[PDB]
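Presented below, as structure tokens, is a lone chain in the form deposited in one PDB entry.
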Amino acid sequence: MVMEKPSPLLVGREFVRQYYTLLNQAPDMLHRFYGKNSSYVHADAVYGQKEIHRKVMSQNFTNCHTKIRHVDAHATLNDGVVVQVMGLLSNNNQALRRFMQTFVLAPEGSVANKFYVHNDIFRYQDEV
């Protein structure tokens, strides 16, 4: 069975599902989403899979619970997809906190329809 390829919205929503699920289950594996040019800010940005992994591990994600309230995802430059996420996130069984998170997904360039995260920008509302 063949079906037309996913829209940017489906791509974005599916990525969001993958990302937050992995953040709960095995945050030590999150680094697979990133490449050498990737930028992560969760505060100076850190770059590349190695440094991003280090930053993710330093946050001590444990039993991370996420409720996504809205996802916007749109085609952007050079076949990328820009994603805006609004939701609530909990870590270490503390209270849920509202956040927004902006992603830019970019074609990975070696596999059809495969994307990596070129930009990952997260901010809690309470800190702002």
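A residue's number is simply how far along the shown sequence it sits, counting from 1. Only residues modelled in both forms are compared. Here the rigid core means the biggest group of C-alpha atoms that line up within 1.5 Å when the two forms are laid on top of each other.
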Relative to the other PDB entries of this protein in the set, is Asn24 coordinate-less in at least a third? no
When the other entries of this protein are compared, is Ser110 unmodelled in at least a third of them? yes
Gap between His42 and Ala43, counted in deposited residues with no coordinates, falls in the class 4 to 9
Going by the entry, of stretches 19 to 27 and 6 to 14 the one with greater average Cα B-factor is 6 to 14
Averaging the C-alpha temperature factors as deposited, the higher value of 63 to 71 versus 44 to 52 falls on 44 to 52
The largest CA temperature factor among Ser38, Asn93, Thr76, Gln84 is found at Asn93
Tertile call for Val111 (CA temperature factor, within chain, third-based) is the highest
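In what follows, reference is made to the form deposited with a partner chain bound, a form of this protein that is not presented.
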Core-superposed, runs of 3+ residues with CA shift of 2 Å or more between the shown form and the other one span 2 to 5
